[PDB]
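Quick setup: one chain, the form deposited in one PDB entry, written in structure tokens, and binding and motion questions come after.
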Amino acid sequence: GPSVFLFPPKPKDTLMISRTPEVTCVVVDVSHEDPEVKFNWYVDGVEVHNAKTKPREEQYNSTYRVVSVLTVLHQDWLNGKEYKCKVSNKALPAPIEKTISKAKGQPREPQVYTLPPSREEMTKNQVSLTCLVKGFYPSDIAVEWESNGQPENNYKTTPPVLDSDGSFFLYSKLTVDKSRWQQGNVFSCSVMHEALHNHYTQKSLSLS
């Protein structure tokens, strides 16, 4: 029989009013003989009807892939509402259901410190700009880097890591060439989390 997976919205989507968060429901390993699937979508247990269903698309292993997309309201997602995808296929007796929701737990505000490169690193032609984000709950978060209004490029972020006090931290690392840093250019770490004011904060860092 098939398998079904249910993806949450992109954190930034739910956290920013201008964007548009969606819950996604994809079923894989569907037949060729009876390959027609029926979605049923439920919010806090009451069925809903605005879901957009894509028509099935075959993959290389010749199994189809069918996804349904549900727009959610920001406040509903952040207020804990359960979304439940219920998928029916006639190569299944009992239809299978999955439910997702926002990470449960009491929200805690992240502290955001920017840390300049180690003096020892100034021997290389790349330096590391560090953004420490700690003390946040739940784990759903978004961290970006930018400079003079524009998305900075060479960066990479660690997964959230459970801290000793039950909360979460992460580090994000931006690699820039030494010259830019030494010039005096200003870089900024932008964080997006439900426990921040406006769901958004920014901390800047430049050579002094």
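For every residue, the number given is its place in the sequence shown, counted from 1. Rigid core here is just the name for the largest C-alpha set that superposes within 1.5 Å across the two forms.
Say the other structures are aligned on the rigid core; which stretch then has the higher CA RMS in 5 other deposited structures of this protein, 105 to 113 or 88 to 96? So, of the two stretches, the farther one in 5 other deposited structures of this protein is 88 to 96.
Could you check whether 69 to 77 or 117 to 125 drifts more from the shown form in 5 other deposited structures of this protein, using RMS Cα distance once the core is superposed? Result of the core-fitted comparison in 5 other deposited structures of this protein: 117 to 125 deviates more.
Mean C-alpha B-factor comparison - 155 to 163 and 33 to 41, higher one: The deposited B-factors put 33 to 41 ahead on the C-alpha mean.
Which is higher on mean Cα B factor in this entry, 21 to 29 or 188 to 196? Comparing 188 to 196 with 21 to 29, the higher average CA B-factor belongs to 21 to 29.
Go through 78, 112, 92, 129 one by one and give the residue whose Cα B-factor in the PDB entry is largest. Going by the entry's C-alpha B-factors, 92 comes out highest.
Would you please rank residue 51 by its C-alpha temperature factor against the other modelled residues of its chain and give the third it falls in: lowest, middle or highest? According to the entry, residue 51 has a C-alpha B-factor in the chain's highest third.
Residue 102 - which third its CA temperature factor falls in, relative to the rest of the chain: For residue 102, whose C-alpha B-factor we compare with every modelled residue in the chain, the answer is the middle third.
Mind checking which third residue 57 falls in for C-alpha B-factor across the chain? Highest third.
Among the chain's modelled residues, which third holds the C-alpha B-factor of residue 173? Lowest third of the chain for residue 173's C-alpha B-factor.
Which third, lowest, middle or highest, does the C-alpha temperature factor of residue 133 belong to within its own chain? According to the entry, residue 133 has a C-alpha B-factor in the chain's lowest third.
This next part talks about the form solved in complex with a partner chain, which is not shown.
Would residue 88 count as touching its partner chain in the deposited bound form under a 4.5 Å heavy atom rule? Contact with its partner chain, no.
May I ask you to state whether residue 103 is within 4.5 Å of its partner chain in the deposited bound form, using heavy atom distances? No.
Does its partner chain get within 4.5 angstroms of any non-hydrogen atom of residue 25 in the deposited bound form? Residue 25 lies outside the contact set for its partner chain.
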